[PDB]
Structure formats: structure tokens, C-alpha cells
Amino acid sequence: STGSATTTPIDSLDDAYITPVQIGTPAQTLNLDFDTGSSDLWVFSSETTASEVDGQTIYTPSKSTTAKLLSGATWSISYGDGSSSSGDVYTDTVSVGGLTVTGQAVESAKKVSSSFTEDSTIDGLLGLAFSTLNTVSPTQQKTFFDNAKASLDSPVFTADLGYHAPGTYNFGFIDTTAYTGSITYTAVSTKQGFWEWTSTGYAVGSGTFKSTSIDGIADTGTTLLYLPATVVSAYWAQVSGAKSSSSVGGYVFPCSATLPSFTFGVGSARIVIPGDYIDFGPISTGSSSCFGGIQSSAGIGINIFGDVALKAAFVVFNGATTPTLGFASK
């Protein structure tokens with residue numbers, strides 16, 4: 001089997017991407033944030049505290065003839081931005097882009113933190129990291145990909161995120177028309193439950209490539225690119241007037257700037273992030289200070305190749321017995 005679904009930016013800045021997902025019978029379509037940095041599929045639901053729901057589409061398990069309470073199971077998760085959610089669990093039929101999993105754990109939120117409530121466009125998350133990170137207790141549950149894997153034509157999914165445009169998540173096949181040149185594959189460590197890999201270095205603009213190992217995670221759920229402070233300083237030093245602002249919470253730059261590209265290494269290959277991808281617009285409406293798309297990972301504890309990086313590439317998440325990651329230009 002295979003599946004193919006379009007993913008769409010939630011706003012003009014590509015702050016996140018939503019992908020329609022069918023849950024239950026008859027189908028209830030919710031728009032979920034596909035997140036390769038977590039492993040829970042959770043949704044706003046009929047059980048979510050009323051004051052914490054504001055415009056989201058909800059899953060109502062009582063209206064699904066295939067929903068079954070997973071008795072005794074609870075979940076609770078916190079994300080890298082400090083947001084959180086928790087609740088109980090159903091199993092139900094879940095389809096993505098024509099690919100169907102029966103008995104998928106669908107984690108129903110009873111509580112969500114304010115950032116979720118305040119974002120009307122995201123109805124939940126669909127985790128695509130390794131199932132070892134799944135938070136369901138007392139019986140850990142498998143991700144949608146893990147459940148689908150054996151049925152797929154090939155045990156892979158791909159992320160093809162657009163810059164200020166829709167893109168695609170495919171399951172079970174590699175669309176050879178979706179990228180240019182060849183795909184370069186690189187080793188993955190699953191020890192922390194992430195798609196963790198080691199970039200071979202970077203360049204700023206037309207500058208020389210610096211060969212240096214940068215361990216990090218491929219994380220579709222993260223908006224920005226978080227790298228070591230040394231690397232990030234070298235990038236922003238090439239932008240007149242750019243500075244790290246403690247008050248704003250990272251590097252900002254004059255909105256009048258033209259940003260340089262940023263290149264990262266994948267083995268001997270190179271992925272170029274155009275400068276425009278690194279512009280996240282005014283820090284507040286009408287400001288001439290703009291927020292940067294490359295930020296320091298210092299104090300996160302891990303480097304994160306988020307959407308800023310991934311949307312410059314066609315990315316293969318290879319879930320074979322020994323997982324790997326592939327990157328191609330596009």
C-alpha cells in the first residue's frame with residue numbers, strides 16, 4: 001500500500017503545516033501537524049475542556065462506529081516550546097492520503113495548553129518519530145507509520161515541504177519526479193527516539209564550506225533551524241545590523257536586509273537554504289525588526305533541522321530495519 005497527502009502552511013510565514021487526516025467511521029477529517037520529532041497522535045476532541053477549544057475541529061469518538069476506548073490508558077506530553085496536552089485514548093481507523101491503519105491509537109485531549117487553544121488551525125498532532133517516545137501509559141502505543149509499515153510497498157515516508165506553498169507527505173514510495181539529482185542517504189541514531197543524524201558542515205552565502213560534524217534531528221514539527229551558537233553567529237555576522245535580542249528571544253535583523261543563503265552538508269552533498277527561507281517577518285505588526293529563521297540551539301540540548309532546513313530538500317525517512325535519512329535538492 002501507499003498514501004499521499006498534501007500538507008499546507010497554516011499562515012504566510014510557514015509557522016507550521018497541516019495535513020488532513022481521516023479518523024473514524026464515518027470519517028471525521030481533522031487537520032493535523034505531522035511531527036517527526038514526537039510519537040503521539042493526539043486530537044482535540046469532544047472530551048477537551050470547553051474553555052480550551054477555540055475554533056478547532058474536534059474528534060467525537062461516540063459518533064464513530066469503529067472507536068473503542070483503550071481502557072485505562074492515559075497520555076501526557078510536553079513539547080520543546082513548553083506547550084503541552086494530555087488525555088485518554090481510543091483506538092480507531094485512521095487514514096492519511098488513502099493509506100488506512102485500523103486499530104490506531106488516537107489520543108483524545110482532555111487538556112491542552114494555551115498555545116494550542118490560541119491556534120485555531122491545528123486540530124492535533126500526528127507523531128512520526130520512533131514509537132519508543134510515545135507517552136501512552138501503561139501500554140505504550142505505536143505511531144501511524146509504525147503501524148502501517150509492514151503493509152507499505154517500501155518502509156519509508158517522505159517529507160516535501162513547500163516554501164510559502166503546499167507540499168506533500170508520501171507513505172510507502174519515493175516519488176522520483178519530486179526532486180532533482182540524487183538522494184544522499186546518511187546514518188540515523190534512534191537512541192533518543194528521534195531521526196538523529198550528523199551533518200557534515202555548513203557554508204554561509206557564497207562562503208567556503210566548513211567541514212564539521214553537527215549532530216541534530218530532522219524535525220518537521222519545529223518551525224526553525226536550531227544550530228550551535230558558533231554556526232549561528234557566523235551566519236548573522238553576514239547581515240548588517242543583525243543582533244541577538246534577549247528581549248525578543250533570539251536573532252533579529254533589519255527588515256530592509258537581503259539575507260544570505262545557508263548551506264548544510266549531507267555526506268558529500270549540499271542542501272542550500274535560500275536567504276528568503278530564513279525571514280520570519282516583523283517581530284510585531286509594523287516593526288522594522290524581523291525574526292531570524294536560524295537560531296541558537298544552546299540551552300535546547302540538541303540541534304534541530306526544522307522546517308527552515310527541511311523545506312529546502314526532499315527528505316526520505318527510511319524506516320527499514322536499520323533506519324536512515326535521505327536528502328535531495330528539489
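Excluded from the calculations below are hydrogen atoms, water molecules and symmetry mates; all remaining heavy atoms, backbone and side chain alike, are included. For this chain, numbers begin at 1 and follow the sequence in order.
Using a 4.5 Å cut-off between side-chain heavy atoms of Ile, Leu, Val, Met, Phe, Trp and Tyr, with links allowed through other members, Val272 and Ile294 fall into different hydrophobic clusters. Following chains of ILVMFWY side-chain contacts shorter than 4.5 Å, one can reach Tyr185 starting from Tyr179, so the two form part of one hydrophobic cluster. Placement of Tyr79 and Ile122 within a single hydrophobic cluster is found when ILVMFWY residues are connected by side-chain heavy-atom separations under 4.5 Å, directly or transitively. Using a 4.5 Å cut-off between side-chain heavy atoms of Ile, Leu, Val, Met, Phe, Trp and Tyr, with links allowed through other members, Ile58 and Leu125 fall into the same hydrophobic cluster. Both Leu152 and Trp195 belong to a single network of hydrophobic side chains, linked directly or stepwise wherever heavy atoms of I, L, V, M, F, W or Y lie under 4.5 Å apart.
A donor-acceptor distance shorter than 3.5 angstrom exists from the side chain of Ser113 to the backbone of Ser84, with no hydrogens or angles considered. Not one N or O on the side chain of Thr117 forms a donor-acceptor pair closer than 3.5 Å with the backbone of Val53. Side chain of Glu52 to main chain of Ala50: no donor-acceptor pair is present (N/O by atom type, distance under 3.5 Å, no hydrogens or angles). Between the side chain of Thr60 and the main chain of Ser62, no donor-acceptor pair closer than 3.5 Å is present. Here the side chain of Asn31 pairs no donor or acceptor atom with the backbone of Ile18 at under 3.5 angstrom. In this structure a side-chain-to-backbone donor-acceptor pair under 3.5 Å is present from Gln141 to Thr139. The backbone N or O of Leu30 lies less than 3.5 Å from no partner atom in the side chain of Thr57, so there is not a single donor-acceptor pair. Between the side chain of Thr91 and the backbone N or O of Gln104, no donor-acceptor pair lies under 3.5 Å. Under the 3.5 Å distance criterion, the side-chain polar atoms of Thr200 are matched with a main-chain donor or acceptor of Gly267.
When side chains are defined from C-beta on, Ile183 counts as touching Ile174, because their heavy atoms get closer than 4.5 Å. No side-chain heavy atom of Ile271 sits under 4.5 Å from any side-chain heavy atom of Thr263. Counting heavy atoms from C-beta outward, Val231 and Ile214 have side chains that approach closer than 4.5 Å. Looking at heavy atoms from C-beta onward, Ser261 lies out of side-chain contact with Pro274 at the 4.5 angstrom threshold. In this structure, the side chains of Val239 and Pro260 come closer than 4.5 Å at one or more pairs of heavy atoms. The shortest distance between side-chain heavy atoms of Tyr17 and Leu161 falls below 4.5 Å. Using a 4.5 Å heavy-atom cutoff, the side chains of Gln22 and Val94 are not in contact. Looking at heavy atoms from C-beta onward, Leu126 lies out of side-chain contact with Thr19 at the 4.5 angstrom threshold.
Remark: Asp15 CG to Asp119 CG distance equals 9.0 Å, nearest 0.5 Å. Atoms OG1 and CG, on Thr2 and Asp153 in that order, are 6.0 Å from each other to the nearest 0.5 Å. To the nearest 0.5 Å, the span separating CG on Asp33 from OG1 on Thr7 amounts to 8.0 Å. The CD1 atom of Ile217 sits 7.5 Å away from atom CD of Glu196, with the distance rounded to the nearest 0.5 Å. With rounding to the nearest 0.5 Å, the separation of CG in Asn170 from OG1 in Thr168 is 6.0 Å.
Cation-pi contact between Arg270 and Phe209: present, with separation from the ring centre below 6.0 Å and deviation from the ring axis of at most 45°.
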> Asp307 and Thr223: side-chain hydrogen bond (donor to acceptor under 3.5 Å, both in side chains), yes or no, with the steps?
Replying inline: CA-CA 5 Å; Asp307 299 332; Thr223 310; 4.9 Å; no
>> Does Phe44 form a ring pair (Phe, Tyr, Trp, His ring centres under 6.0 Å) with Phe116? I'd like the steps, not just the answer.
In response: CA-CA 9 Å; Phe44 277 79; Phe116 287 114; 7.1 Å; no
> Going through the checks in order, is the side-chain hydrogen bond (donor to acceptor under 3.5 Å, both in side chains) test met by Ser245 and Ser247?
Replying inline: CA-CA 5 Å; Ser245 168; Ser247 56; 3.0 Å; yes
> Where do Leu227 and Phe305 land on the side chain to side chain contact (heavy atoms under 4.5 Å, CB included) test, with the steps shown first?
Replying inline: CA-CA 8 Å; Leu227 292 173; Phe305 293 87; 4.0 Å; yes
>> Run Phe253 and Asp279 through side chain to side chain contact (heavy atoms under 4.5 Å, CB included) and show every step you take.
In response: CA-CA 9 Å; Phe253 67 92; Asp279 178 15; 3.5 Å; yes
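Residue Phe145 is tested with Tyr169, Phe317, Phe157 for a ring-ring contact (aromatic ring centres under 6.0 Å, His included); the sole match is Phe157. Here the rule is side-chain contact (heavy atoms from CB on, under 4.5 Å) with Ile278, and of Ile273, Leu224, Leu225 only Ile273 fits it. The residue from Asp92, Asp123, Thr29 that alone fulfils the side-chain hydrogen bond (donor to acceptor under 3.5 Å, both in side chains) condition with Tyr59 is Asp92.
Heavy-atom minimum distance, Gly292 versus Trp236: CA-CZ2, 3.5 Å. Residues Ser199 and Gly265 share a closest heavy-atom pair of OG-O, 2.8 Å. Taking both residues in full, the closest heavy atoms of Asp14 and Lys311 are given as OD2-NZ, 2.8 Å, listed atom of the first, atom of the second, then distance. Residues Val248 and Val252 share a closest heavy-atom pair of CG1-CG1, 3.8 Å. Closest approach of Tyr90 to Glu47, counting heavy atoms only: OH-OE2, 2.6 Å. Between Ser39 and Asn134, the shortest heavy-atom contact is O-ND2, 3.0 Å.
Between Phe327 and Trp197, the distance separating the two ring centers is shorter than 6.0 angstrom. Not less than 6.0 angstrom separates the ring centroid of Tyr202 from the ring centroid of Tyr235. If you look at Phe291 and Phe280, their ring centroids are not closer than 6.0 Å.
Between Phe34 and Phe171, the ring planes lie perpendicular to each other; the angle is over 60°, past the 30° to 60° tilted range. Classification of the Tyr163-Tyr277 ring pair by plane angle, with boundaries at 30° and 60°, yields parallel.
Using a 3.5 Å distance cut-off with no hydrogens or angles, the side chains of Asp88 and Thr74 do not pair a donor with an acceptor. Checked by atom type, the side-chain pair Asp146/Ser131 shows a donor-acceptor distance below 3.5 Å. Remark: the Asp40 side chain and the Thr135 side chain contain an N/O donor-acceptor pair separated by less than 3.5 Å. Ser51 and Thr49 share no donor-acceptor pair across their side chains, judged by distance under 3.5 Å alone. Donor-acceptor pairing under 3.5 Å is recorded for the side chains of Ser83 and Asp81. Residues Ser297 and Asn303 have side chains that bring a donor and an acceptor to within less than 3.5 angstrom of each other. No side-chain N or O of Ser86 forms a donor-acceptor pair with one of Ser76 less than 3.5 Å apart. Side chain to side chain, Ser287 and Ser289 fail the donor-acceptor criterion of an N or O pair below 3.5 Å. Side-chain polar atoms of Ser45 and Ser108 form a donor-acceptor pair below 3.5 angstrom.
When the shell of 6.0 Å around NZ of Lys210 is examined, it contains 12 or fewer heavy atoms from other residues, nucleotides or ligands.
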